[PDB]
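One structure is given below, encoded as structure tokens.
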Amino acid sequence: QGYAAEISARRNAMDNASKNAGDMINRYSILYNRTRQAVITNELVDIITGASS
Amino acid sequence: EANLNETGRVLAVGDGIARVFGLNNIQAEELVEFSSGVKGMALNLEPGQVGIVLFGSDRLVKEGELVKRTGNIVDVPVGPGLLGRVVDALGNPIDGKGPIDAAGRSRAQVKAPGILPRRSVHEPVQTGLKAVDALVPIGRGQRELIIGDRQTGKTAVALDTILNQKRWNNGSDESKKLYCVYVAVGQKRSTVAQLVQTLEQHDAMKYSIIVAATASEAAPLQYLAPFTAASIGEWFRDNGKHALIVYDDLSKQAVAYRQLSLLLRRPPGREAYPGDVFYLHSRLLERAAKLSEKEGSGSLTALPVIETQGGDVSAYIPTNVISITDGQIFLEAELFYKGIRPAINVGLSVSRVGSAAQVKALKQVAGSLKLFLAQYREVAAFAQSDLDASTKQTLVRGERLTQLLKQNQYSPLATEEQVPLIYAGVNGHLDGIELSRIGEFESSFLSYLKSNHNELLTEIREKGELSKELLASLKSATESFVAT
Amino acid sequence: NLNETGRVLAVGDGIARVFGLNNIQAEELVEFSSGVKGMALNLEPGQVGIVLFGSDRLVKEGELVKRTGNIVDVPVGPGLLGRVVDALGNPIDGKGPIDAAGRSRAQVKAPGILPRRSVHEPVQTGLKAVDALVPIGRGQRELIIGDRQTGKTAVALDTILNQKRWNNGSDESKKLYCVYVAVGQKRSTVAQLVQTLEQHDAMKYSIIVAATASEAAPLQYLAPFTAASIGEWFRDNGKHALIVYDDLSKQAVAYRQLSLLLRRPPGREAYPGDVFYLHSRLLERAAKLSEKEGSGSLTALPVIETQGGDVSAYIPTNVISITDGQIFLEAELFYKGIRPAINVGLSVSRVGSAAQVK
Amino acid sequence: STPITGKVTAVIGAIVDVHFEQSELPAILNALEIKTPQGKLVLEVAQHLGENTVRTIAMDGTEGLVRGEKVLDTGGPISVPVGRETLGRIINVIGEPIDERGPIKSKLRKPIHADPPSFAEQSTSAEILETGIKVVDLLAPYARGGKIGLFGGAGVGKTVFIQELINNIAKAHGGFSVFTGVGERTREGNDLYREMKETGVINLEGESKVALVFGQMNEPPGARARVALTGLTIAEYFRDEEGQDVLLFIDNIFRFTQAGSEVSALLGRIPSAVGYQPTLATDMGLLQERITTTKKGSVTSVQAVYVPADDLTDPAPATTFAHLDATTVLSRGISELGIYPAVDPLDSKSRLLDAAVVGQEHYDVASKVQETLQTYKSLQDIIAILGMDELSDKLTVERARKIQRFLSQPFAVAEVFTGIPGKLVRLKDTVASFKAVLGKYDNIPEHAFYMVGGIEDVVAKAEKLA
């Protein structure tokens with residue numbers, strides 16, 4: 224009963240974990256793009272700026 | 024009488040580009056010859072001056088030099104005369120085997136085949152690689168990208184393909200033959216030389232043509248290399264024959280065209296690449312196609328190579344090519360060290376045509392093989410503790426299926442030697458064998474077939490399909506070897 | 026006559042285009058009629074690019090510009106000890122003139138390969154982690170890299186303070202004089218530091234060259250160079266000097282201003298193309314001379330500021346590939362209790378035990 | 006001799022404009038000289054701007070240069086002394102003894118700008134170069150006549166790495182060796198000269214086995230962007246004209262393209278990605294291509310490559326990779342474990358790792374070593390969340408903390424870093440040593457394979473129970 228109440232508690236413990244891992248994989252996912260778009264733009268600004276001469 | 028119409032004076036020179044005054048009656052993308060001897064092609068036709076890109080060292084050119092027109096757009100001699108010859112980006116010999124008898128010439132920039140004169144890809148290009156022919160089949164006229172990272176086997180894969188072609192190029196039937204064209208763009212001469220000698224020790228160099236635009240040679244040469252070569256092979260397509268061209272590699276051609284455009288004072292784009300960095304690769308690849316029966320039914324298959332940095336495949340150039348090719352073949356470093364060779368990520372590597380351009384005999388035995396592994400990869404993590414029954418067996422299959430997909434270099438297998446090894450896998454006649462001897466199983470099993478069941482192989486080779494009586498006899502031959 | 030003079034074609038932003046100066050040298054010093062000094066950097070065919078050292082309003086159109094015949098140079102010697110001077114060498118602490126023992130140029134080439142001895146003489150910072158894990162050597166270049174408010178200057182400062190044990194002693198060879206180069210900082214701060222130095226009786230063996238943010242861009246540009254010259258006199262004369270560049274990130278900032286206003290093409294992050302050369306020729310000057318030359322050394326402790334703990338940045342990477350070491354101070358370890366917040370994993374001293382106490 | 010006069014038109018930093026008369030303009034790549042009170046200023050013709058004007062790149066800081074000075078064309082590229090007399094002498098980019106030992110009794114002088122061997126003059130040869138280091142010799146073998154190169158950022162210990170190679174290989178090598186220091190630390194460049202003299206490789210009165218070419222970072226870009234070519238032309242002569250085995254060391258090669266970046270903008274070019282130069286794959290090409298093995302002689306190159314911010318995607322390390330036959334990637338993560346060198350076994354790959362090259366056995370063993378490792382990097386996520394308890400695979404997961412430690416090799420050069428006496432293992436020994444471990449030698453946990461020689465050393469280090 225001890226290792227049965229545990230397995231029944233581990234499923235619970237990690238169902239909240241996968242869900243909590245969701246507010247991360249998708250939260251920082253947006254932050255990756257917010258950085259990718261800003262990388263391509265800033266990487267392109269230096270080129271345009273140094274092309275005006 | 025210097026009339027400025029065919030003659031020109033160098034207004035300025037440097038950065039590998041020469042601004043020239045005059046040359047009034049010149050065409051765009053036309054070649055010109057300098058007093059020094061080295062030549063160049065004119066890209067920028069500005070009002071007063073004309074921008075020419077040098078094919079050699081800019082030192083040779085000086086200010087106030089004389090420039091004469093050639094009257095020729097970038098063109099290269101084509102025909103069978105190149106088969107077994109190594110030429111530069113211009114069609115010039117560099118192997119030292121003497122001049123090259125040309126069966127006519129063709130521009131470097133040729134319009135792609137229309138929408139009407141094309142035929143549904145159905146003729147297969149047997150690579151000889153178990154993982155490739157089974158999982159990601161390549162069709163004639165198709166365009167399968169060989170995408171991956173440095174030192175993963177991108178070239179190793181493309182090479183074995185050219186090697187397996189011996190089975191037909193030594194034959195009499197021209198409709199089954201498949202001439203090859205290897206475009207070395209950026210590679211160092213050492214490597215290109217290394218490649219040739221390797222193709223030589225396999226007698227596959229007699230039906231191949233190597234175009235060499237090494238890292239030493241000028242940028243325009245590496246820019247033209249693919250286009251030029253695309254013509255060399257396009258000759259075969261136009262005459263009812265089949266040709267396979269490998270661009271090793273397109274990632275480096277892009278850089279080359281970037282170098283040209285940047286110096287020519289052209290508007291830069293994302294990551295320095297000019298605007299038409301996509302139209303560059305689009306022009307090229309869309310030239311490869313399988314013509315309709317109307318004209319010749321000839322096919323030009325293309326296997327472009329992209330060198331990806333750190334695995335990133337969302338970069339500008341990489342994603343660009345991908346969105347043009349009719350499928351991708353990915354190679355991971357992870358699997359490469361793990362022991363899986365060729366290291367193919369079936370989860371990402373997928374052909375568009377696929378089934379239609381595969382041997383019907385192979386399509387029958389490996390229909391579910393594609394799925395099996397797709398589900399095996401996700402269940403692979405369950406290794407870390411107890412297995413029921415539904416996932417107890419899945420872990421048994423794939424664990425030896427991929428172990429069988431392992432194939433050593435320079436050892437292409439015929440489709441007649443593939444189906445037996447794939448039948449044993451998918452159906453599950455190998456599930457009960459220790460992995461340690463699965464490798465040696467491939468050999469001993471194939472030698473057992475060739476010796477005792479020679480007939481069973483010769484009907485698959487010739488028919489290419491598996492009949493009810495045939496496939497049944499296949500099972501018996503298999504379970505017979507499982508005992509001994 | 027245009028040979029030695031020139032009239033201003035246009036002026037602004039500390040930049041002054043001048044017509045003439047047909048015999049001007051590159052990087053030559055120039056004086057204006059209004060009093061403000063300048064410097065030639067662009068010897069263009071038609072005109073001349075000149076960076077001012079002072080205000081702009083002083084210069085008008087058609088104003089007469091003289092030559093100096095001098096390449097930027099500064100007074101050097103022992104007299105500077107206990108004093109505070111600007112980037113030009115002039116005393117700013119208002120304690121009378123300085124005793125000039127010679128004038129060494131600001132653009133001094135680094136000692137070649139031959140006249141050099143392997144660094145072996147330790148520089149005791151008194152700081153446990155530092156001396157214990159990443160010891161500093163005389164002639165060695167150890168960089169203090171980290172974000173703001175991590176106590177970068179702190180580690181540097183304490184080093185100067187600890188050297189008191191040897192500066193008040195008798196043996197000159199055991200002495201290690203100090204040179205502090207305040208660049209981009211505010212005048213209020215430089216006034217706080219000196220207050221702390223004289224509270225440990227350390228000003229006597231320290232020389233402070235400060236080009237505060239208020240001062241013109243060029244003044245922050247030469248600041249480290251002119252400061253290196255100050256510490257070179259000790260190197261050239263069998264004595265030991267230790268120079269601290271703080272802050273270096275602000276020097277490059279200034280140099281970017283010069284170049285962008287002179288209209289020189291930008292490189293990465295707008296920074297000029299030769300921004301790596303900016304710190305290469307600067308830090309190389311710090312070295313341990315040979316025994317034939319007097320075994321005089323110059324220890325450099327460059328300080329660079331990173332944003333968001335990003336060492337992968339442009340400038341940070343440059344200076345890193347220059348120095349023979351790196352003390353990376355993290356902000357996380359700082360508030361967690363570890364002070365100084367040295368990160369053992371990222372910090373190393375290439376010299377190593379070679380210049381440590383047995 | 007026909008002296009050509011010129012007038013300095015403009016000077017912006019290190020970029021000098023020189024004017025000439027009609028039809029007397031020196032070609033690009035040529036050398037121009039300017040007499041200065043202190044000495045001589047050397048310039049390199051870069052481009053013909055028009056109206057009889059040329060743009061040049063300074064070889065020495067043009068600080069003090071007066072407008073309209075008289076420039077004298079030399080006729081060709083900066084010619085450097087080449088031949089036997091070049092041995093045991095440190096010369097700069099321009100080509101003059103900076104080791105302060107009088108002039109060089111050079112017979113010939115060849116230009117630094119020369120066209121690389123053609124495709125036909127190539128020599129396909131795969132010979133294994135035995136070094137000594139286990140983590141390299143086995144998993145990634147150097148190629149005699151091939152182009153080796155080590156990558157890595159600062160702090161990985163590259164300059165200390167190539168120092169071990171010189172002691173082991175250079176003395177064993179039966180021929181000439183040429184060292185070229187580009188844009189690296191001058192003090193450490195001095196430690197090399199201080200070392201090789203006491204080593205017996207450099208003798209001021211006796212035999213000089215190696216030549217030296219320096220152009221450290223403290224010098225302007227123009228010189229650092231060319232000093233790589235100066236050392237090249239020297240070793241190049243010992244390949245063809247001398248008919249002997251050559252050995253070329255570059256440090257650092259990254260400073261070559263880096264120097265090209267500085268000038269690129271100044272010269273008036275539209276900057277490329279990551280602020281580099283539009284001509285990066287061709288500059289690297291027109292350099293590396295000259296370092297090949299021909300029918301005349303062979304050249305074994307060991308190039309040190311610096312990685313900006315340890316970012317392997319940087320166009321600098323990127324373009325260099327494709328030129329090397331073998332690599333030895335240095336990572337900051339491996340040294341923090343204790344294992345020296347800091348060689349990353351999962352990015353260092355040589356094209357000599359072939360069954361038909363090092364021997365079937367060699368390859369077989371080398372493949373097992375690689376298999377055991379990768380799984381860690383991927384299966385590690387289980388260890389950070391639980392450890393080694395869910396491992397079923401369980402015998403192979405532990406060999407990672409044993410094999411990885413056994414890769415470490417002690418050196419004699421780095422005595423002021425550990426104080427631990429060095430060890431030099433050979434080729435065959437490392438092979439037979441690993442096969443046994445791959447778990448026979450699974451009895452001794454942790455230390456016993458740490459900083460030891462071959463396999464006979466492991467036995468003597470297991471005795472002293474720690």
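Residue numbers (PDB author numbering), protein chains in the order written: chain G, 224 to 276; chain A, 24 to 407, 410 to 509; chain C, 26 to 383; chain D, 6 to 397, 400 to 445, 447 to 474. The C-beta atom is built at its ideal place from N, Cα and C for all residues, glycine as well.
Tell me the DSSP bridge mates of A/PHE57? A/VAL90
Going straight from the alpha carbon of C/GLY94 to that of C/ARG166, what length do you get? 34 Å
Once the 5 residues before and after A/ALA279 are set aside, which same chain residues still bring their CB inside 7 Å of it? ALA242, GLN245, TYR246
Quick one: using the 10 Å Cβ neighbour count with 16 as the cut-off for buried, is residue 549 of chain D buried or exposed? Limits of chain D in this structure are 6 at one end and 474 at the other, which puts residue 549 of chain D out of reach.
Could you compute how far the alpha carbon of residue 5 of chain D sits from the alpha carbon of D/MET222? The question about residue 5 of chain D has no answer, for chain D in this structure spans 6 to 474.
Restricting to runs no shorter than 3 residues, where is the beta strand (DSSP E) found entirely within the region 235 to 313 of chain C? 265 to 271
Does any C-beta atom of chain G lie closer than 8 Å to the C-beta of residue 446 of chain D? No atoms of residue 446 of chain D appear, because in chain D residue 445 is followed directly by 447.
Give the straight-line distance between the Cα atoms of G/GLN260 and A/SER337, rounded to the nearest whole angstrom. 12 Å
So which residues of chain C does D/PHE441 contact, with C-beta pairs closer than 7 Å? What D/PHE441 touches in chain C: nothing, since even the nearest Cβ is about 29 Å away.
Quick check: is the beta carbon of D/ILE387 nearer than 8 Å to any beta carbon in chain A? yes
Own chain, CB closer than 6 Å to G/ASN256, minus 5 neighbours either side, in chain order: none
Of all the CB atoms in chain D, is at least one closer than 8 Å to the CB of G/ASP238? no
Rounding to the nearest angstrom, what Cα-Cα distance links C/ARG42 and C/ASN26 in this structure? 18 Å
Which residue marks the beginning of the beta strand (DSSP E) containing A/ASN67, and which one marks its end? 62 to 67
Cβ closer than 8 Å: which chain G residues qualify as neighbours of A/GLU69? What A/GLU69 touches in chain G: nothing, since even the nearest Cβ is about 17 Å away.
Do C/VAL206 and C/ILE268 come within 8 Å of each other at the CB atom, strictly closer than that value? yes
For the alpha helix (DSSP H) containing A/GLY321, name the first residue and the last one. Element bounds for A/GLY321: n/a, residue is neither H nor E.
Counted within 10 angstroms of its Cβ, other Cβ atoms place C/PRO122 as buried (16 or more) or exposed: exposed
Got a sec? Which residues, its chain only, sit under 8 Å from C/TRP191 by beta carbon, not counting five neighbours each side? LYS199, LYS200, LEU201
Going along the region 265 to 295 of chain C in order, which residues come within less than 9 Å of chain G, judged by CB to CB distance? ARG288, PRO290, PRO291, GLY292, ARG293, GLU294, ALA295
Roughly how many angstroms separate the alpha carbons of D/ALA389 and G/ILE248, rounded to a whole number? 18 Å
According to DSSP, A/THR30 sits in a beta bridge with which residue or residues? A/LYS91
Rounded C-beta distance between C/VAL159 and C/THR324? I'm assuming under 8 Å. Not quite, the Cβ-Cβ distance comes to about 14 Å (not below 8 Å), so this is no contact.
When C/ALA227, C/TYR302, C/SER320 are compared against C/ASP261, the one with the closest alpha-carbon: C/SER320
For C/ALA236, collect the residues of the same chain with a Cβ closer than 6 Å to its Cβ; drop the 5 residues on either side in sequence, then sort them by chain order. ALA112, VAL208, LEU244, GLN245, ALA248
Three-pair Cβ contact test at 8 Å for the region 71 to 79 of chain D versus the region 7 to 27 of chain D: yes
Note down, in chain order, all residues in the region 262 to 274 of chain D with a beta-carbon under 9 Å from any beta-carbon belonging to chain A. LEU272, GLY273, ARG274
Are the C-beta atoms of G/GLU266 and some chain A residue less than 8 Å apart? yes
Can you name the start and end residues of the beta strand (DSSP E) that D/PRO320 belongs to? Per DSSP, D/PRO320 belongs to no beta strand (DSSP E); it is in the alpha helix (DSSP H), 320 to 326.
Measuring only the C-alpha atoms, how far is A/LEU152 from A/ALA380? 15 Å
Can you name the residues of chain C whose CB is closer than 8 Å to the CB of D/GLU341? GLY370
Helix, strand or coil: which one does DSSP assign to D/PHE254? strand
Which partner residues of D/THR61 appear in the DSSP bridge assignment? D/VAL21, D/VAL50
Report the three-state DSSP secondary structure of D/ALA361 (helix, strand or coil). coil
So which of A/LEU303, A/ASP81, A/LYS264 has the shortest CA-CA distance to A/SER59? A/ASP81
Would you please verify whether the beta carbon of D/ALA228 is less than 8 Å from any beta carbon of chain A? no
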